[PDB]
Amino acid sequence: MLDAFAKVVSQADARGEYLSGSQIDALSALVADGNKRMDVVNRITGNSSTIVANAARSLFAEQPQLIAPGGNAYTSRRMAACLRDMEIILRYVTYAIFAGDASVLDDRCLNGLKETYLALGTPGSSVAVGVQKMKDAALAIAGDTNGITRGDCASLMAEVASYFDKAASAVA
């Protein structure tokens, strides 16, 4: 896997170059947002159970056929698998946010997901609604201006939303 730093280096090595002063400044800007990124990782992690539960509760309320008998999330083993999948996808979103690169999410998590559900009979597009409901909740917990030093997190917030969006467009 790569982080935001490694990613730049690996695109430079393939060209045989040293990083430019420009590239170095941009990575400095990333280091400048270091604490803010860790507050996002900390916050979503600290509420991870609640984000998962509340997301699944709202999915099953909107989409009652997944839980009716015969539904892909009917029976305890299937329900347990579904909540497990939601927790896994959140965990690897928080990895990508920590490292400031999507490698780990694509490589370890998303890769081959859509074909797994296709083989299983699991409705990918319902999986994607679940991911979206976890997105809104997480952006709201990470953006809470209480009990933190005020500042601007707007790029970070954009970067986070993209990793969820990358998860949702993968399975759907």
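All residue numbers refer to positions in the sequence shown, first residue = 1.
- As recorded in the PDB entry, 120-128 is the stretch of 120-128 and 54-62 with the greater mean C-alpha temperature factor.
- Note on 42-50 vs 111-119: mean CA B-factor is higher in 111-119.
- Highest C-alpha temperature factor among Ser10, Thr149, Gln23, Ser162 per the entry: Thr149.
- When the Cα B-factors of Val31, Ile141, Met134, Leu105 are read from the PDB record, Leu105 comes out highest.
- In the deposited entry, the Cα temperature factor of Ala6 places it in the lowest third of its chain's modelled residues.
- Among all modelled residues in its chain, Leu83 ranks in the middle third by Cα B-factor.
- For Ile89, the recorded CA B-factor ranks within the highest third of the chain. Only modelled residues enter the ranking.
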